[PDB]
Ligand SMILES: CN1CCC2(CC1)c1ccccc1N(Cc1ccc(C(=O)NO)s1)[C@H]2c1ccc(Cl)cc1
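Given next, in structure tokens, is a single chain: the form deposited without the ligand.
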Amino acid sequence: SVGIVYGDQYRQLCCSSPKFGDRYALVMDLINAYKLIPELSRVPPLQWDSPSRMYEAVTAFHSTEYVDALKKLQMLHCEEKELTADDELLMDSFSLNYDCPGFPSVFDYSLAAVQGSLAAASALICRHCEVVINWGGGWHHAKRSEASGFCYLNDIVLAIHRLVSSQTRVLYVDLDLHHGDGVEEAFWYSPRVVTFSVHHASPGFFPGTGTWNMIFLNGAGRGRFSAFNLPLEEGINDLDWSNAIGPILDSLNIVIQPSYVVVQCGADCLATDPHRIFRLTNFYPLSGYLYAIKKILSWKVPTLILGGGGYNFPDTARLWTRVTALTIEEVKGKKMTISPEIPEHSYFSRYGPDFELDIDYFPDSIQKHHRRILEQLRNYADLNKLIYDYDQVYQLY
């Protein structure tokens, strides 16, 4: 079956942040306006027996003094008085500032995504679901002791740690506009979790990693060759993108033969995202996102689908709805008919002025990247004594 994470307390908490506003509500309601929920299995957010239990789960990756800091920051914003100079210092050393500011529910908000992506992992492991979806999750920039890119808690890292600890190999696929640095960094020294991010990279653009470095870093220790990256120039469209990641996705599958696939499905590659970097759409005659998702799903490997970036909320909703519906069809087999027009629901007016499901947009370096990545794959396989037909993989290009 196919699972979605949601719940009343959960929705309220994914909607209390100053930067993502009510995106989670727009998304889950568009999913629900399209009569998609009955076809889906509700996966509830995980809860803990006690504070100590919550704490041990989060510090499987995040440092204790960082969890302390984030929780002190929520308390401080639930008070009216401002932060002491000493408290400012504490928060800065955890980068709890700038694009990672505090707000009254910041710890509860960060914890929720962890709660959802942990329940999603658990529903895959006990084989209740073949695929689970969590649009509240996907915060791939959070580091052990540092907030970054409005990510305070790395739900992905933790959902992944739970999968490998259930030989178990996980493929992480990161379709966001930004390089999934945190997730990549977390499994830098591990071969059982292969990471692969495709993204924009250019000077001064966040975060800075996922590209040629002062050549190409790709993992250390036994983790060597296990972190993959494809940085693209700006302006790329659906088909060029599709052709850029397609062979890489197929080859990672054949070579690695993953026990689980975790997909950060960040929506900021859309043409209508305020970033205006990539020209990806949500069209389904073809959307680069849909191509990739449907490819990943044809593999029949249990799969986690996560959110991430996306700062045009109605258009992120337009994509993630299509992804949801696609997943339902490629897993259960039954056809999903989606009206081209946005159905009436409480957020309908946000989708104006034309109320269409399609977003409103009109549509060499890569081969030197394909060749470099094929070599890296071969080195990965050789290091990890994996059997595979070199030619069969080579043909995919």
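Numbering starts at 1 and follows the sequence shown.
Same protein, other form: the form deposited with the ligand bound, not shown, and the subject of what follows.
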Is residue 217 part of the interface with the ligand in the deposited complex - any heavy atom within 4.5 Å? yes
Is there any non-hydrogen atom of residue 122 lying within 4.5 Å of the ligand in the deposited complex? no
Could you confirm whether residue 229 comes within 4.5 Å of the ligand in the deposited complex, counting heavy atoms only? yes
Does the ligand get within 4.5 angstroms of any non-hydrogen atom of residue 253 in the deposited complex? no
Using a 4.5 Å cut on heavy atoms, which of 211, 242, 190, 105 is close to the ligand in the deposited complex? 211
Tell me, please, which stretch of 84-92, 68-76, 202-210, 245-253 lies within 4.5 angstroms of the ligand in the deposited complex when heavy atoms are compared? 202-210
Neighbours of the ligand in the deposited complex among 262-283 [non-hydrogen atom within 4.5 angstroms]: none
